[PDB]
Structure formats: C-alpha cells, structure tokens
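Q: My questions will all concern the structure given below.
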Amino acid sequence: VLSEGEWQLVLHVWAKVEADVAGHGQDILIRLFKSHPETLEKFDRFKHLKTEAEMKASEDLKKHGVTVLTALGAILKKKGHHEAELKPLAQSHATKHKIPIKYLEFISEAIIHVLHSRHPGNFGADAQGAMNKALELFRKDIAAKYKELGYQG
Ligand code: HEM
Ligand SMILES: [Cl-]
Ligand SMILES: [Cl-]
Ligand SMILES: [Cl-]
Ligand SMILES: [Cl-]
Ligand SMILES: [Cl-]
C-alpha cells in the first residue's frame, strides 16, 4: 500500500505526462525497444522497424504509445483500487500476447527513465521512489492474476 502522499507524488508527475501523451508514449516504447530489443519481437506490427529513425516515423507505434499510457494512467488514478481494470489487461497479455512479467519490469524502467529525463523538477528522489512503488504494486497484482489465469509469467 502507498500512502496518500506517495500517491500525490505519482499523480502530480502524471499530470505533466498528460500534457503530451503521444510524445511521452513514443519515447518510452523507443527506450524499451532499444534497451531490450528482444521485446520488439512480441510486436508483429513493429518487428520490422530497424532504426530509431524508423520507430520515430511510425504512426502505429505512436498510436500504441497512447494506448499504453492511457490504460496505465486510468490504473494509477484508482490509487490502488484497480482490480476491475487489471482483469481484462491481465487476460489479453497472459493469453493472447504472452508477455512475461520480466518485460513489465523492462517497460517500468523505461518509464522511470523518461520521467527523470523530461521532468526533473517534478521527479526528484522522493517522487521516483513513489513511482517505483506504484509500478511494483501494478506488476505484483498483474502477476497474481497471471497465475489465476493459468500463465507462468
Ligand atoms: C505498462 C504496461 C502495459 C500496459 C498498461 C499495456 C496495455 C496494453 C493495452 C491497453 C493494449 C490494447 C488492448 C489489449 O490488448 O489488452 C495492449 C496491447 C498489446 N501489448 Fe501491452 N501493455 C503493457 C506492456 C506491454 C509489454 C511489456 C509488451 C511486450 C513487450 C506488450 C505488448 C503488447 C502487444 C504485443 C499488444 C497487441 C499489439 C497490437 O496492438 O497488435 N505490452 N497493451
Ligand atoms: Cl496542471
Ligand atoms: Cl513477417
Ligand atoms: Cl522488411
Ligand atoms: Cl529523426
Ligand atoms: Cl486465444
């Protein structure tokens, strides 16, 4: 459980993110794909983009970044009461997409990296610790779900 003050820290940076969801989403996916190229394999629609320049030019890649950040944002804004949101998310990612927990760790690092880079005034040690905690809670809950659904992780 996060404290109210830790949630405030998360939601105050998140409100910066939402001034430009598309640019943020783009940076985060590209950071992910270049830090850990193997995750690109999970996307049959992206696995075919070869350079950062190509990633930057893809409109579907940008549209997908917005889908990810909007879904994560709706979860973060529940302040821990997110079970109804996780259920459909857990099902499609365990069954259809088959995404390992380890890759959720990856994108979590990408997210933290980009917020630190684009919002240092709002992402000091305290707020980064709060975001980490909030993301660990998300990954923990989706893992418990993965197992109920029959998926290893
Ligand atoms: C922050 C964590 C993530 C969130 C909130 C998220 C959210 C979503 C959402 C909302 C969709 C569309 C609806 C659905 O399929 O359920 C989706 C599709 C998808 N996601 Fe995730 N995702 C996350 C992480 C990942 C990771 C780490 C991978 C793999 C490297 C991944 C791979 C995919 C794929 C392959 C699809 C289908 C691709 C397509 O649009 O054809 N996601 N995701
Ligand atoms: Cl504001
Ligand atoms: Cl192909
Ligand atoms: Cl090709
Ligand atoms: Cl460019
Ligand atoms: Cl299926």
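Chains: A, B, ... in order of the structure tokens. Residues: from 1 per chain. Ligands: from 1, in order shown.
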Neighbours of ligand 2 within 12 Å, counting only C-alpha atoms and all ligand atoms, as a list in words?
A: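 Counting only what the definition allows, namely only C-alpha atoms and all ligand atoms, the set is residues 11, 12, 13, 14, 15, 16, 17, 18, 19, 20 and 122 of chain A.
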Q: Kindly provide, as an NGL selection string, all nucleotide and amino acid residues lying within 9 Å of ligand 6, counting only C-alpha atoms and all ligand atoms.
A: :A and (92 or 95-97)
Q: Store the residues of this selection in a file with C-alpha atoms, as a compact mmCIF listing (two decimals), in the first residue's frame.
A:
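Output contents, as saved in part-v2.txt:
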# COMPACT_ATOMS: atom_id res chain seq x y z
CA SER A 92 -5.10 -10.46 -23.01
CA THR A 95 -3.23 -15.47 -23.10
CA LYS A 96 -3.14 -13.61 -26.40
CA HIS A 97 0.09 -11.56 -26.24
Q: Enumerate residues in contact with ligand 5: an atom-to-atom distance of at most 9 Å, counting only C-alpha atoms and all ligand atoms. Format the result as a compact mmCIF listing (two decimals) with N, CA, C and O atoms, in the first residue's frame.
A:
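The result, written out as pocket-v3.txt:
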# COMPACT_ATOMS: atom_id res chain seq x y z
N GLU A 52 16.09 3.76 -35.02
CA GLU A 52 15.31 4.69 -34.21
C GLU A 52 14.56 5.66 -35.10
O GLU A 52 13.45 6.09 -34.78
N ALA A 53 15.19 6.03 -36.21
CA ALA A 53 14.54 6.91 -37.16
C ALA A 53 13.23 6.33 -37.67
O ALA A 53 12.24 7.04 -37.83
N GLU A 54 13.22 5.02 -37.92
CA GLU A 54 12.02 4.34 -38.42
C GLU A 54 10.95 4.27 -37.33
O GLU A 54 9.77 4.51 -37.60
N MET A 55 11.36 3.94 -36.12
CA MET A 55 10.45 3.94 -34.98
C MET A 55 9.81 5.32 -34.84
O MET A 55 8.59 5.43 -34.77
N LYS A 56 10.63 6.36 -34.86
CA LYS A 56 10.12 7.72 -34.71
C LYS A 56 9.09 8.09 -35.79
O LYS A 56 8.18 8.87 -35.52
N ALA A 57 9.21 7.50 -36.98
CA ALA A 57 8.31 7.85 -38.08
C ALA A 57 7.00 7.05 -38.09
O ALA A 57 6.04 7.43 -38.77
Q: Within 10 Å of ligand 4, which residues show up when you count only C-alpha atoms and all ligand atoms? List them as a ChimeraX atom specification, please.
A: /A:47-50
Q: If you keep N, CA, C and O atoms, can you produce a file of those selected residues as a tab-separated table (two decimals), in the first residue's frame?
A:
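Output saved as selection-v9.tsv:
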chain	number	residue	atom	x	y	z
A	47	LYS	N	8.09	-5.30	-35.59
A	47	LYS	CA	9.35	-6.07	-35.57
A	47	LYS	C	10.13	-5.95	-36.86
A	47	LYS	O	10.80	-6.91	-37.29
A	48	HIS	N	10.04	-4.78	-37.48
A	48	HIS	CA	10.21	-4.75	-38.90
A	48	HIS	C	10.70	-3.36	-39.16
A	48	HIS	O	11.19	-3.04	-40.24
A	49	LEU	N	10.61	-2.58	-38.08
A	49	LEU	CA	11.26	-1.29	-37.89
A	49	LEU	C	12.68	-1.54	-37.41
A	49	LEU	O	12.87	-2.24	-36.42
A	50	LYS	N	13.67	-0.97	-38.09
A	50	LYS	CA	15.06	-1.37	-37.85
A	50	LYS	C	15.94	-0.35	-37.12
A	50	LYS	O	16.92	-0.70	-36.48
Q: Could you give me, as JSON, numbers by chain, every polymer residue with an atom at most 6 Å away from an atom of ligand 1, counting only C-alpha atoms and all ligand atoms?
A: {"A": [39, 42, 43, 67, 68, 71, 72, 89, 92, 97, 99, 103, 104, 107]}
Q: Keeping C-alpha atoms for every residue in the selection just given, could you write it to a file as a compact mmCIF listing (two decimals), in the first residue's frame?
A:
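So again_15.txt came out as:
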# COMPACT_ATOMS: atom_id res chain seq x y z
CA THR A 39 10.75 -7.14 -26.64
CA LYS A 42 6.41 -9.51 -29.28
CA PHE A 43 5.03 -6.98 -31.78
CA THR A 67 -2.99 3.22 -25.80
CA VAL A 68 -0.41 2.05 -23.22
CA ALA A 71 -4.52 2.43 -19.82
CA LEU A 72 -1.68 2.82 -17.24
CA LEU A 89 -5.44 -6.35 -19.16
CA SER A 92 -5.10 -10.46 -23.01
CA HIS A 97 0.09 -11.56 -26.24
CA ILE A 99 4.10 -11.12 -22.13
CA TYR A 103 9.17 -7.46 -19.75
CA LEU A 104 6.86 -5.44 -17.47
CA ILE A 107 8.95 -1.05 -19.55
Q: Tell me, in Å to one decimal, how far atom CA of residue A:147 is from atom CA of residue A:84.
A: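 Value for the atom CA of residue A:147-atom CA of residue A:84 distance: 16.7 Å.
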Q: So what do you get for atom CA of residue A:88 versus atom CA of residue A:35, distance-wise?
A: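 Atom CA of residue A:35 lies 27.7 Å from atom CA of residue A:88.
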Q: What parts of chain A does DSSP call alpha helix (DSSP H)? I'd like the answer as a PyMOL selection string.
A: chain A and resi 4-17+21-35+52-57+59-76+83-91+101-118+125-148
Q: Just want the 8 Å neighbourhood of stretch 108-112 of chain A, counted on only C-alpha atoms, with same-chain residues fewer than 2 positions away dropped. Output as a list in words.
A: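 Counting only the stated atoms, we get residues 28, 29, 31, 32, 104, 105, 106, 114, 115, 116, 128, 131, 132 and 135 of chain A.
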Q: Put those residues in a file: N, CA, C and O atoms, as an mmCIF file, in the first residue's frame.
A:
data_model
loop_
_atom_site.group_PDB
_atom_site.id
_atom_site.type_symbol
_atom_site.label_atom_id
_atom_site.label_comp_id
_atom_site.auth_asym_id
_atom_site.auth_seq_id
_atom_site.Cartn_x
_atom_site.Cartn_y
_atom_site.Cartn_z
ATOM 1 N N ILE A 28 8.967 6.266 -24.630
ATOM 2 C CA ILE A 28 9.033 5.162 -23.688
ATOM 3 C C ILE A 28 9.144 3.839 -24.454
ATOM 4 O O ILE A 28 10.017 3.024 -24.178
ATOM 5 N N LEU A 29 8.283 3.642 -25.444
ATOM 6 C CA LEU A 29 8.403 2.475 -26.304
ATOM 7 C C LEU A 29 9.786 2.415 -26.980
ATOM 8 O O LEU A 29 10.410 1.370 -27.025
ATOM 9 N N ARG A 31 12.610 3.772 -26.023
ATOM 10 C CA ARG A 31 13.588 3.466 -24.995
ATOM 11 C C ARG A 31 13.572 1.960 -24.696
ATOM 12 O O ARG A 31 14.628 1.322 -24.637
ATOM 13 N N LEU A 32 12.372 1.405 -24.524
ATOM 14 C CA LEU A 32 12.199 -0.027 -24.257
ATOM 15 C C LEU A 32 12.844 -0.894 -25.342
ATOM 16 O O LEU A 32 13.689 -1.746 -25.053
ATOM 17 N N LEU A 104 7.549 -6.538 -18.162
ATOM 18 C CA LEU A 104 6.864 -5.435 -17.472
ATOM 19 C C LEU A 104 7.842 -4.675 -16.572
ATOM 20 O O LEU A 104 7.704 -3.454 -16.359
ATOM 21 N N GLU A 105 8.823 -5.405 -16.036
ATOM 22 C CA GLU A 105 9.938 -4.784 -15.329
ATOM 23 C C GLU A 105 10.651 -3.834 -16.277
ATOM 24 O O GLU A 105 11.010 -2.730 -15.891
ATOM 25 N N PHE A 106 10.852 -4.285 -17.518
ATOM 26 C CA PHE A 106 11.584 -3.531 -18.523
ATOM 27 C C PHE A 106 10.936 -2.206 -18.850
ATOM 28 O O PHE A 106 11.596 -1.159 -18.873
ATOM 29 N N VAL A 114 12.323 7.936 -18.557
ATOM 30 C CA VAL A 114 11.866 9.045 -19.383
ATOM 31 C C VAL A 114 11.329 10.190 -18.496
ATOM 32 O O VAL A 114 11.563 11.373 -18.813
ATOM 33 N N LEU A 115 10.667 9.860 -17.375
ATOM 34 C CA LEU A 115 10.125 10.895 -16.496
ATOM 35 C C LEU A 115 11.278 11.672 -15.886
ATOM 36 O O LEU A 115 11.242 12.918 -15.862
ATOM 37 N N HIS A 116 12.311 10.953 -15.437
ATOM 38 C CA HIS A 116 13.504 11.601 -14.894
ATOM 39 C C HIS A 116 14.171 12.549 -15.900
ATOM 40 O O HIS A 116 14.565 13.662 -15.534
ATOM 41 N N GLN A 128 10.432 9.609 -7.449
ATOM 42 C CA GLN A 128 10.876 8.421 -8.191
ATOM 43 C C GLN A 128 10.651 7.135 -7.381
ATOM 44 O O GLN A 128 10.201 6.111 -7.916
ATOM 45 N N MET A 131 6.796 6.520 -7.628
ATOM 46 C CA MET A 131 6.503 5.914 -8.926
ATOM 47 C C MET A 131 6.938 4.437 -8.979
ATOM 48 O O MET A 131 6.176 3.575 -9.456
ATOM 49 N N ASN A 132 8.140 4.147 -8.474
ATOM 50 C CA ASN A 132 8.635 2.784 -8.440
ATOM 51 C C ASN A 132 7.707 1.863 -7.669
ATOM 52 O O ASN A 132 7.394 0.756 -8.104
ATOM 53 N N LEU A 135 4.584 1.233 -9.411
ATOM 54 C CA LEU A 135 4.711 0.330 -10.545
ATOM 55 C C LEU A 135 4.952 -1.096 -10.071
ATOM 56 O O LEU A 135 4.533 -2.050 -10.734
#
Q: In Å, rounded to a single decimal, give me how far atom CA of residue A:66 is from atom CA of residue A:25.
A: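 Those two atoms sit 5.6 Å apart.
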Q: I'd like the contact shell of residue A:145 - 9 Å cut-off, only C-alpha atoms, skipping same-chain residues fewer than 5 positions apart - returned as number ranges by chain.
A: A: 86-87, 90-91, 140, 150-151
Q: Now that the selection is made, can you save its residues with N, CA, C and O atoms as a CSV table (one decimal), in the first residue's frame?
A:
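And here is the file that came out, again-v1.csv:
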chain,number,residue,atom,x,y,z
A,86,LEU,N,-7.4,-4.2,-14.1
A,86,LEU,CA,-6.3,-5.2,-14.4
A,86,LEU,C,-6.8,-6.5,-15.1
A,86,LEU,O,-6.1,-7.0,-15.9
A,87,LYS,N,-8.0,-7.0,-14.7
A,87,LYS,CA,-8.6,-8.2,-15.2
A,87,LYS,C,-8.6,-8.3,-16.7
A,87,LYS,O,-8.0,-9.3,-17.3
A,90,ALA,N,-4.9,-8.3,-17.8
A,90,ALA,CA,-4.1,-9.4,-17.5
A,90,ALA,C,-4.4,-10.6,-18.4
A,90,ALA,O,-3.5,-11.2,-18.9
A,91,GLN,N,-5.7,-10.7,-18.7
A,91,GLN,CA,-6.1,-11.8,-19.6
A,91,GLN,C,-5.5,-11.7,-21.0
A,91,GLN,O,-4.8,-12.6,-21.5
A,140,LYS,N,3.1,-6.7,-9.3
A,140,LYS,CA,2.7,-7.7,-8.3
A,140,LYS,C,1.2,-8.2,-8.5
A,140,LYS,O,0.9,-9.4,-8.5
A,150,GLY,N,-3.7,-19.1,-15.4
A,150,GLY,CA,-3.0,-20.2,-15.9
A,150,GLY,C,-1.7,-19.9,-16.6
A,150,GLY,O,-1.1,-20.8,-17.2
A,151,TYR,N,-1.2,-18.7,-16.4
A,151,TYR,CA,0.0,-18.3,-17.0
A,151,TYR,C,1.2,-18.1,-16.1
A,151,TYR,O,1.0,-17.6,-15.0
